[PDB]
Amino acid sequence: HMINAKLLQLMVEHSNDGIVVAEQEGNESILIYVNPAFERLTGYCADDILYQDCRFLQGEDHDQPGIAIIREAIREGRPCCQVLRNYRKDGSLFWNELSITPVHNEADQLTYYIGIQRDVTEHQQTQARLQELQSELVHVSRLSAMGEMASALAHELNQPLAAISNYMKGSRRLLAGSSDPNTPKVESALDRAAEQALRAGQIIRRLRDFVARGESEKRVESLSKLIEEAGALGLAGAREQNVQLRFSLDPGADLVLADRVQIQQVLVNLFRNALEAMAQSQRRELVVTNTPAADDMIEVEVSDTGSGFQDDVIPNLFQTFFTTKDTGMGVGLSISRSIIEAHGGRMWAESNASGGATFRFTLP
């Protein structure tokens, strides 16, 4: 009615989406029409596949749940939409998003199907890599958090336990020049206490090294790449926070020597920290910049126009547990600085002229 069927067929012939019309023959849903987009998407020529069921796109990959879903939809005559792994003529893998509508033709007294196919490989791939990045971020965050927990405990307890040892040493020195009948019992009690204090030391290290066990290696990685991976994790939601992102990367300074999951976590933490300082900020600008630097290093700058620093907050930032947030562990910057310095770099912070914060670090 509304448009002539020739024109409509022309539109179908030239749609960018795969479009096919199938016909049920017993247990087969045989293709009776395909458009060029479908030939492109699959690599098959229409002259070759007509009057067969398209399941050959599955190749040998028949342990997919969508397949059974589709089969039951087709038995019921209900529509259905499913993603499947299909394989082009040349073998190449693509994820095919299938929308099938059973349609009953009264004249033919037959059941046809109209199917729309979109290649969704890029979405599947990016979503899978984002899942792996999310999982590994969780893993490394947990071990590194317990790992800083241990080091702070060791360094804070190091003084009392040594004091105890020294008081044992001095007491034993005083009692040596004594004949009181009870002193051998005193000396043995003091020895047992010494041993217990050593035991406290030895087992603080035991839990530390169990949580800190298992370390990685440093390889050449592109900062553009690790900045994009870190942004994918840390900066989703900037647009909803109306934060303006600017990545100024120097093409001569892009390749660094680093352990990629740890630098990912340094950048993710810096990005999150910057977003938080912009929670209620009138100006929201985030700048990431790479430049050549002095000691054959390369400097990465992350600047925000956020809450910034009070007069004497700035010199505490990288100290373990120093925090201004109600639920902050104050550990992000401490872990980041220890990681960067172990990688051969330097890290420091300063307030920006816009009232925000600028963090810089260097890597080779």
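Just count from 1 along the sequence shown to find any residue number.
Higher mean CA temperature factor, per the PDB entry, when comparing 254-262 with 186-194: 254-262. Of the two segments, 65-73 and 323-331, the one listed with the higher mean B-factor is 323-331 (C-alpha atoms only). In this entry, the residue among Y87, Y112, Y167, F247 with the greatest C-alpha B factor is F247. In this structure the maximum Cα B-factor among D295, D47, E28, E39 is found at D295. Sort the chain's modelled residues by C-alpha temperature factor and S135 lands in the middle third, per the entry.
In this PDB entry, the Cα temperature factor of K6 sits in the bottom third of its chain's modelled residues, the lowest group. Among the modelled residues of its chain, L226 has a C-alpha B-factor that falls in the highest third according to the deposited record. When the modelled residues of the chain are ordered by C-alpha B-factor, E240 sits in the highest third. Split the chain's modelled residues into thirds by C-alpha temperature factor. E148 is in the middle one.
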